[PDB]
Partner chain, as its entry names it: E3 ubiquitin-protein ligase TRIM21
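This document starts with one chain, in the form deposited without the partner chain, laid out as structure tokens.
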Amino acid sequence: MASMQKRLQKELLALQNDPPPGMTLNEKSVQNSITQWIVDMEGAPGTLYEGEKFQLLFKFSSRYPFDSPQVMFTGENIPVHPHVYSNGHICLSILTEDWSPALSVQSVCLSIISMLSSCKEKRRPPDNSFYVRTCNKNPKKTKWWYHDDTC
């Protein structure tokens, strides 16, 4: 058994001892008085991000690891990518529908690395009737949307 903070201490030490090649974990003390981590990500060899560094922001909840961290690109370099928005938003299933307590900060970073390495497109069953019939298991339509306009 482990608490939210205990889980993060475990994860922290795992990544301080041996983070993935090209990755560095730096816990950031913040004015928000919550746990937020900064990750140094150098792009992998052979990709279009190779040699460039991008930063990640991991915002942890008290529910964590039973509620995924908000994970976004930050720093002064947001990568141009179909699943990366200019405001830092990262579109990965690992942060939503595929999140599980058995996962890790490391595996999220690795998911992001493989995202940048090979962009995957979305698909659905060829049986469109079937697809429509399974849409009752999908999230409901969002009305209010977050905007990037200056306030």
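Numbering follows the first chain given and starts at 1.
Quick note: we don't show the form solved in complex with the partner chain, though the next part is all about it.
Contact annotation: the partner chain lies within 4.5 Å of heavy atoms from the stretch 6-14 in the entry with it bound, the single such stretch among 139-147, 19-27, 6-14, 124-132. Put simply, of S100, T96, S107, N32 only one has a heavy atom within 4.5 Å of the partner chain in the entry with it bound, and it is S100.
Among heavy atoms of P65, some come within 4.5 Å of the partner chain in the entry with it bound. With contact defined as any non-hydrogen atom lying within 4.5 angstroms of the partner chain in the entry with it bound, the stretch 35-60 contains no contacting residue.
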